[PDB]
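Below, in structure tokens: the form deposited in one PDB entry, a single chain.
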């Protein structure tokens, strides 16, 4: 349109990027997508362990999540139900390492009590969860951490350990740092209702894996897709942009959509400088230091669930599969990488054995999202005061647009939020290229 190599370049092949490329490709724009890694998905990654398909990152979807569910209808993708109902064993590991077996009914009842107390005012604070700063109350609450509220709730020891564990997981961090409104807003997105919100958590996966939806969008898009091309700089010039790759290739474009994780912006030079509000976000970054671990054990433990509080590593434990022949594959999410050397098998083994004494570890598979230069962190987790400034992160900068789950209004800790932001970006591109 103005002599550039491309109409639009999308940086990042996660869901935010795939969605944006799809929106732009179908408009008939000459569209390029650049991905730093040699694989697609970003903070979703479909892989294999002990002869079965697994998800190392984002995995779970629901019909109460509007953007991803519509995409699933478009591409004809069904759901797979993970065995999260009628549990056999439910455990809590407290800060000091002691393990308590709770009866599954009681376990469920207690986390319910604690969660409903934590999110008691979600309807008044977030009557419009897709406009987070609609009410003044949402703004004033952003002066508080989740821990500040937790301390006022009068929870039992069990209740407090369960909820702190849950929030540690959501934060990818200790709960003193974790912003209170973010959590409320999410609960609000799931119809301000415990049962509804829980059904969205870790229940339904995408049939064919996350990679299937990514491929379906990129295949639909007609965009050129380049793998193993990290972007190192963006300069605004001649009514478009010059994009520099790590090999010192220069690609010109009318517009660029940045979809990279917030914590990775420091790897990219911008000319001119981004706005001060945006520089603040980039220097703070996003909290989460999460990692993902699968352990195969010989013993058949059936359907298990465990919380560990934030001072212990194995914070969220769930059964991926079980049988007498298989044994059990445990799906474990770790809130803070620092709490466990996830690539040291002797350490992982001892930790698993602390949780389940007398278990025999047949194999492990891990993904350390904090060591990966193209994530440098896990899922989006807002610190105190970040949510109320979110517009700084979203705002167009001349011909640079921004997307990614961090920048979404709704389900910011989810695939759905990435999709949302990609739809926004597609629209902002059209407006610029119109």
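Here the rigid core means the biggest group of C-alpha atoms that line up within 1.5 Å when the two forms are laid on top of each other. Numbering follows the first chain given and starts at 1.
One more form of this protein should be noted, the form deposited in another entry, which is absent from this view; the next part is about it.
In a superposition on the rigid core, which residue from 136, 248, 325, 195 has a CA displacement reaching 2 Å or more between the shown form and the other one? Single residue meeting the criterion: 325.
Return yes or no for residue 147: a CA shift of at least 2 Å between the shown form and the other one, with the rigid core superposed? Result for residue 147: no, shift under 2 Å.
With both forms fit on the core, is the shift of the CA atom of residue 83 between the shown form and the other one 2 Å or larger? The answer is yes; the displacement is at least 2 Å.
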